[PDB]
Structure formats: C-alpha cells, structure tokens
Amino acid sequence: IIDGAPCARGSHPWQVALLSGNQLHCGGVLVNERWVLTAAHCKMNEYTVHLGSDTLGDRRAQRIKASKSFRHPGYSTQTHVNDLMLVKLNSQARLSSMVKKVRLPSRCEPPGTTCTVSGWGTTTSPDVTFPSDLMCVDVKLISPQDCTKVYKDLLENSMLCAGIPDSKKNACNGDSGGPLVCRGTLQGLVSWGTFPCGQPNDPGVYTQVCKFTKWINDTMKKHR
C-alpha cells in the first residue's frame, strides 16, 4: 500500500495473506470457514494462508495450508479480465474476533464512493519496503469513463477503478488479491495498475466483486 498508514488493530478480521516460502505472495479475503477469495494472478499449486493477525510473523496467527484452487475460467493473463480465484483451505478457519467472514456485496457501489484498500504489499515503488503491519489507505471509486482516459480498451466492465486525484494513494505488489471495501461490503479485489506503483492520476484497477456473485457461490457449492 502506497501513502497509507497502519490499519486500526482488529478492524480487518476478514483479511488474509497467501504465503510462499514464508514470504508474502498475495493478499486475499475470507469468504467462509473453508474458502479464501483472491486474484487469479495469485495461482499456485500450494498456499500457506495467514489469518487472524494484523502482523505477518505473529505467532498468534493461524497458518492453514490450501492444496486446491479454482480460477474463474474467463481469466486472461494477457488482459487480466476475470481476475479472481477461490482457494479451498485444507482445514476450516477457526473463527473469532480476529477471524471473520467478509460481507459479500449485493449491489455495485457508484463512482465517487469512499473505500478502503488494505494489504502487506510494498509501501514504496520501484524500491521495495515490505511492512510487518497491515496497511490501509482510503480511495474513491472512479467512473469507467474517467478510467478509460488512462487505460483505453484494456478496461472491461467487470473491472473497477479507484484512486484519489493528484495522489500517490494506491495498492502495489504484494497487495494483489486483497480487499477494497466500500460502505461495509467487499467491492473489489486488488488486480493491476501502473508500475512503478503510486503514480498520481493512474487509478488502481480491481476485480469488481458485485459482477461475480453467482460464480463465487456456485464454485464453493460445487467444490464443497
């Protein structure tokens, strides 16, 4: 997260991290006791999921292996359209005040809405600074018309853009697959943006969760 600050402790119980070799790979969100929602770009054969602490490296956190995952079949590594994946935990997440399911959206929040994006991704770019504590930043939803001025026909209608005018506030490498929450619901998953990160007036691009409700529920049901 670029130009953010540490999240208030205990305010992101639905936030998870996907680890590989005890290093941060991606962010993610807890959907229910058995499932984690993340970006399809985060695909791996095996995952170690960190849950229940704002601090990566915290002995208090749960560490659950996940051997199965399912990318949306429409996912393209070329254009990043349909960038979402469900990760099946090997054992159930043990719920508490620090581990809770996210609230999935019923509706799509409009342009101009204030949201919060969170993650353990680098706080600097191109030079990397990976934090221990979970970082937060507030951004506003940007209309597809305004976002098209930057990214042209690379943008699809199931992608959601967010940022702050003339501001570096944004997500970066390591935050991928993590949550963008607006008015109490999960509206986006961190997907892509410009590189170096935090470039003013280059919006962050997210998978628009409200467009994928059916697939998310059907996939969990089928692979239960």
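Don't overthink the numbering: it's just position in the shown sequence, from 1. Rigid core here is just the name for the largest C-alpha set that superposes within 1.5 Å across the two forms.
Peer 1: Core-aligned, which moves more in 8 other deposited structures of this protein: 6-14 or 20-28, by CA RMS?
Peer 2: When 6-14 and 20-28 are compared in 8 other deposited structures of this protein, the bigger C-alpha shift is seen for 20-28.
Peer 1: Which of 99-107 and 142-150 lies farther, on average, from the shown form in 8 other deposited structures of this protein once the rigid core is superposed (C-alpha RMS)?
Peer 2: Most displaced of the pair in 8 other deposited structures of this protein: 142-150.
Peer 1: Can you tell me which stretch has the higher mean Cα B-factor, 96-104 or 118-126?
Peer 2: Per the PDB entry, the higher value belongs to 96-104.
Peer 1: Tell me which stretch has the larger mean Cα B-factor in this entry, 54-62 or 162-170.
Peer 2: Mean C-alpha B-factor is greater for 54-62.
Peer 1: Say you rank 153, 133, 83, 138 by Cα B-factor from the PDB entry; which sits at the top?
Peer 2: Most elevated C-alpha B-factor of the set, per the entry: 153.
Peer 1: Considering every modelled residue of the chain and its Cα B-factor in the PDB entry, is residue 198 in the lowest, middle or highest third?
Peer 2: Ranked within chain, residue 198 CA B lands in the middle tercile.
Peer 1: Quick check for you: using the entry's CA B-factors within this chain, is residue 5 in the lowest, middle or highest third?
Peer 2: For residue 5, whose C-alpha B-factor we compare with every modelled residue in the chain, the answer is the middle third.
Peer 1: Where does the C-alpha B-factor of residue 38 rank in its chain, lowest, middle or highest third?
Peer 2: CA B-factor rank for residue 38: lowest third.
Peer 1: Classify residue 88 as lowest, middle or highest third according to the C-alpha B-factor given in the PDB entry, relative to its own chain.
Peer 2: Middle third, going by the recorded CA B-factors of the chain.
Peer 1: State the tercile, meaning the lowest, middle or highest third, of residue 48 with respect to the CA B-factors recorded for its chain.
Peer 2: Middle third by C-alpha B-factor.
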